Ligand SMILES: [K+]
Ligand SMILES: [K+]
Ligand SMILES: [Mg+2]
Ligand SMILES: [Mg+2]
Ligand SMILES: [Mg+2]
Ligand SMILES: [Mg+2]
């Protein structure tokens with residue numbers, strides 16, 4: 001979970017409400033060079049309500 | 001008729017109770033709109049400053065694989081040596097207010113290799129809020145710390161990342177674990193003497209750092225002694241109560257209050273004009289005469305740290321002043337002109 | 001000079017939509033039951049009864 005956990009990161013989600021019918025865009029972007037050539041491999045992405 | 005036949009209750013026409021609190025909902029009403037981030041606790045036992053620092057001694061932390069280090073200038077004469085990979089120290093706390101993310105600080109009193117030149121391991125800190133884990137690396141692989149107070153949240157010492165500035169909600173179970181994540185040059189490791197997760201209180205005290213709000217003394221007298229240290233509670237909260245409103249002039253007022261302590265900077269301040277506050281210091285009862293009769297009464301209350309002790313860290317400010325049964329009585333006309341030769345008397349029995 | 005309030009007190013209600021007569025009567029009720037009205041001078045008065 002990227003929204004609520006963090007791993008050596010700088011900031012997490014400011015827990016702000018998503019209104020019904022709002023158009024969410026989610027962008028995951030690399031902002032540094034990578035030590036590995038393979039990088040972070042994203043296999044499946046799930047933004048979800050934890051319920 | 002000499003007397004009432006079986007009197008139940010009796011109140012004055014000289015004094016009117018203009019404000020009172022004796023329960024959670026009453027206190028919430030008269031404190032006004034306090035933000036969730038404010039370090040005050042409203043309880044069945046009164047209003048009280050919130051625990052703001054969780055200053056924990058070496059011997060009190062949850063141990064795993066860590067070395068028992070004894071030097072006289074460490075608090076309680078002892079510290080925990082993070083000796084080797086995967087050996088850890090854990091601390092639990094529950095904040096009784098919201099800690100804003102920017103304000104969280106992790107003060108450690110920490111020293112490398114009993115003051116030696118040679119590095120301890122790199123240290124990882126994991127913070128757990130109800131299962132949400134935040135991990136950062138404040139100490140690098142190649143660093144030695146002199147015996148001092150260091151913030152492991154907002155500063156790094158050769159490390160790669162800081163605390164991610166997350167807000168901590170009230171009533172969250174907060175677990176903090178410190179882990180040596182690599183090998184040691186120095187066999188005695190980084191010795192941590194006392195751990196202080198604290199709210200820096202920079203919203204309350206306008207200084208840019210926690211040094212402005214807490215003691216951070218660095219000399220226990222070297223005899224296996226205790227340390228003044230970051231006190232558990234905030235220094236002084238000045239609480240502005242909601243205006244006690246009247247239809248008539250208040251000339252003088254009287255207060256009653258129940259407290260656990262009344263020492264130090266404890267005061268109640270009262271005004272008629274909304275600005276000229278008259279102060280009663282270090283008492284649970286008090287009387288104030290206002291310079292001129294005027295309508296509405298404003299109150300300010302000072303709650304403080306208290307206690308001095310020589311058997312544990314911290315030595316100062318390990319207790320907070322709690323107040324409960326607030327009552328404010330004013331000299332107001334309860335017998336009133338009503339018509340030609342008619343008076344009206346308006347006594348009140350409180351709920 | 002035509003105003004004599006027998007029990008002067010602060011108003012805790014916003015009378016901000018009431019007919020003036022109804023407001024004045026509420027004031028008289030709160031005070032010492034005063035007479036009010038317009039004299040033949042075309043001047044308003046508010047003063048003790050009898
Ligand atoms: K609160
Ligand atoms: K009347
Ligand atoms: Mg969240
Ligand atoms: Mg070990
Ligand atoms: Mg920060
Ligand atoms: Mg110690």
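Values quoted throughout were computed directly from the atomic coordinates according to the rules given, and no laboratory measurement underlies them. Because the Cβ atoms are built from the backbone with ideal geometry, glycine has one as well, and the counts that use them run over all protein chains shown.
Explain nothing, just the number: relative contact order of chain B, from Cα pairs under 8 Å at least 6 residues apart, as a whole percent.
Working: 948 pairs, mean separation 78.5, N = 351.
About 22 percent, as a whole number.
What distance in nm separates the two pseudo spin-label positions at residue B:333 and residue C:50, each 7 Å out from Cα along the beta-carbon direction?
2.0
Using 0.36 nm per residue of separation minus the Cα-Cα distance, give me the extension gain between residue B:247 and residue B:217 in nm, one decimal.
5.5 nm is the gain from fully extending residue B:247 to residue B:217.
Based on alpha-carbon positions alone, could you give the equivalent ellipsoid semi-axes of chain A from the gyration tensor, as √(5λ), descending, whole Å?
Gyration-tensor ellipsoid for chain A: 25, 14, 11 Å.
Which value in deg cm²/dmol, rounded to the nearest 500, describes the helix-derived mean residue ellipticity at 222 nm for chain B, given -39,500 (n - 2.57) per DSSP H run of n ≥ 4 and division by the residue count? Don't skip to the answer; put the middle values down first.
Details: 1 runs with 8 residues, N = 351.
Helix-only estimate at 222 nm: -500 deg cm²/dmol.
For residue A:27, put the label point 7 Å out on the Cα→Cβ axis and report which residues of region B:157-171 keep their amide N under 15 Å from it.
Answer for region B:157-171: none.
Running a GNM on chain B with Cα contacts under 10 Å, which residue among B:247, B:305, B:48 ends up with the highest mean-square fluctuation?
Comparing B:247, B:305, B:48 in a Gaussian network model of chain B, the most mobile one is B:247.
Over region B:1-138, what is the mean sequence separation of C-alpha contacts under 8 Å (at least six apart), divided by residue count, expressed as relative contact order in percent?
Result for region B:1-138 is 16 percent.
In whole percent, what relative contact order does region B:92-249 give with Cα contacts below 8 Å and a gap of six or more residues?
29
Rounded to whole Å and sorted largest first, what semi-axes of the equivalent ellipsoid does the C-alpha gyration tensor of region B:161-305 yield via the square root of 5 times each eigenvalue?
On the way: eigenvalues 427, 69, 30 Å².
Output for region B:161-305: semi-axes of 46, 19, 12 Å.
Other chains' Cβ within 10 Å of B:151-162 residues: what's the mean?
Mean shielding by partner chains, rounded to a whole number: 1.
Could you tell me whether chain C comes out rounded, prolate or oblate from its Cα gyration tensor? Rule is a ≥ b ≥ c as square roots of the eigenvalues, rounded for a/c under 1.5, then prolate if a/b exceeds b/c, otherwise oblate.
Oblate shape, in that a/c is at least 1.5 and b/c is the bigger or equal ratio.
If R₀ is 35 angstrom, what is the calculated FRET efficiency for the pair residue C:43 and residue B:348, using the beta carbon separation as r and rounding to 0.05?
0.30
Mind running the shape call on region B:117-222? Use the C-alpha gyration tensor, a ≥ b ≥ c as the square roots of the eigenvalues: rounded below 1.5 for a/c, prolate if a/b tops b/c, oblate otherwise.
Here region B:117-222 falls in the oblate category.
What share of all Cα pairs of the protein assembly as shown, in percent, falls into each consecutive 10 Å distance bin?
Distribution as computed: 4, 15, 20, 17, 14, 11, 8, 6, 3, 1, 0 percent.
Okay, which of region B:219-235 sit inside 18 Å, backbone N to the point 7 Å along the Cα-Cβ direction of residue B:70?
Correct set: B:222-226.
So what are region B:1-145's ellipsoid semi-axes, whole angstrom, largest first, if each one is the square root of 5 times an eigenvalue of the alpha-carbon gyration tensor?
53, 18, 13
Give me the inter-chain shielding for A:5-14: mean count of other chain Cβ atoms within 10 Å, whole number please.
Neighbouring Cβ atoms belonging to other protein chains average 6 per residue here.
Hey, any idea what Rg/Rh is for region B:66-127, computing Rh the Kirkwood way over Cα pairs?
1.02
What is the Cα centroid distance between region B:197-237 and region B:50-110, reported in whole angstrom?
Centre-to-centre distance over Cα atoms comes out at 15 Å.
Using 7 Å Cα-to-Cβ label points, what is the residue B:203/residue B:260 separation (nm, one decimal)?
2.3
At 10 °C and a viscosity of 1.306 mPa s, what translational diffusion coefficient does Stokes-Einstein give for region B:222-334, taking Rh as the Kirkwood radius over Cα pairs? Give it in µm²/s as a whole number.
On the way: Rh = 15.7 Å.
Estimated diffusion coefficient is 101 µm²/s.
By how many degrees, between 0 and 90 and to the nearest 10, does the Cα long axis of helix C:20-30 differ from the longest principal axis of chain C?
Tilt relative to chain C: about 80 degrees.
State the dimensionless ratio Rg/Rh of region B:167-211 (Rg: radius of gyration of Cα atoms; Rh: Kirkwood radius).
1.11
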